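Here's the structure, in structure tokens; my notes come after.
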Amino acid sequence: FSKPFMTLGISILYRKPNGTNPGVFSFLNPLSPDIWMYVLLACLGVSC
Amino acid sequence: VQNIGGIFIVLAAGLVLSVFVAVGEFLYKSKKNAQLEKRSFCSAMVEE
């Protein structure tokens, strides 16, 4: 080889992942939606 | 529903128990009425 004219290094390559877009209803998220639907049934249920 | 689960059993069977004590209050107060009213026959009828 000749002496090199410019250098490099082995990198890797991957996408700038995303615009994140978390849930606008992710406050609802940490339970099952049915459990929410059951407790609102249980809301009026225990009340009646 | 698998994981919350068991308090709904407590939610169900809790208010089943309160039905029995609500009758247990009611007959006991008709016995307070039975001090002033009939034996077991019209003391419970007049209250409802």
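In the structure tokens, chains take the letters A, B, ... in the order shown, each chain's residues start at 1, and ligands count up from 1 in the order shown.
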Looking only at the backbone, which of the residues in chain B does DSSP tag as helix (DSSP H, G or I), as number ranges by chain?
-> B: 6-36
Chain B near chain A within 12 Å: what's each residue's closest atom pair and its distance in Å to one decimal, counting only C-alpha atoms, ordered by chain then ascending residue number, as JSON lines?
```
{"residue": "B:1", "atom": "CA", "partner": "A:35", "partner_atom": "CA", "distance": 6.6}
{"residue": "B:2", "atom": "CA", "partner": "A:32", "partner_atom": "CA", "distance": 10.0}
{"residue": "B:3", "atom": "CA", "partner": "A:32", "partner_atom": "CA", "distance": 9.7}
{"residue": "B:4", "atom": "CA", "partner": "A:35", "partner_atom": "CA", "distance": 8.2}
{"residue": "B:5", "atom": "CA", "partner": "A:35", "partner_atom": "CA", "distance": 9.1}
{"residue": "B:7", "atom": "CA", "partner": "A:39", "partner_atom": "CA", "distance": 11.2}
{"residue": "B:8", "atom": "CA", "partner": "A:42", "partner_atom": "CA", "distance": 9.2}
{"residue": "B:11", "atom": "CA", "partner": "A:42", "partner_atom": "CA", "distance": 8.6}
{"residue": "B:12", "atom": "CA", "partner": "A:46", "partner_atom": "CA", "distance": 9.3}
{"residue": "B:13", "atom": "CA", "partner": "A:46", "partner_atom": "CA", "distance": 11.9}
{"residue": "B:14", "atom": "CA", "partner": "A:46", "partner_atom": "CA", "distance": 10.4}
{"residue": "B:15", "atom": "CA", "partner": "A:46", "partner_atom": "CA", "distance": 8.0}
{"residue": "B:16", "atom": "CA", "partner": "A:46", "partner_atom": "CA", "distance": 11.0}
{"residue": "B:18", "atom": "CA", "partner": "A:46", "partner_atom": "CA", "distance": 11.5}
```
Residues within 12 Å of residue B:44, only C-alpha atoms, excluding chain neighbours under 6 positions, as an MDAnalysis selection string = chainID B and resid 23 25:34 37:38
How would the residues just chosen look if you wrote them out with C-alpha atoms as an mmCIF file, in the first residue's frame?
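Below is the file that was written, selection-v8.cif:
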```
data_model
loop_
_atom_site.group_PDB
_atom_site.id
_atom_site.type_symbol
_atom_site.label_atom_id
_atom_site.label_comp_id
_atom_site.auth_asym_id
_atom_site.auth_seq_id
_atom_site.Cartn_x
_atom_site.Cartn_y
_atom_site.Cartn_z
ATOM 1 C CA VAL B 23 -81.489 -8.414 58.103
ATOM 2 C CA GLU B 25 -80.238 -5.353 62.319
ATOM 3 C CA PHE B 26 -83.824 -5.350 61.031
ATOM 4 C CA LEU B 27 -85.141 -8.313 63.021
ATOM 5 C CA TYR B 28 -83.312 -7.082 66.119
ATOM 6 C CA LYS B 29 -85.061 -3.722 65.830
ATOM 7 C CA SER B 30 -88.422 -5.423 65.255
ATOM 8 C CA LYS B 31 -87.680 -7.200 68.529
ATOM 9 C CA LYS B 32 -87.224 -3.712 70.000
ATOM 10 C CA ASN B 33 -90.616 -3.081 68.411
ATOM 11 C CA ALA B 34 -91.830 -6.414 69.858
ATOM 12 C CA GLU B 37 -95.793 -4.385 69.595
ATOM 13 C CA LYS B 38 -96.744 -7.953 68.651
#
```
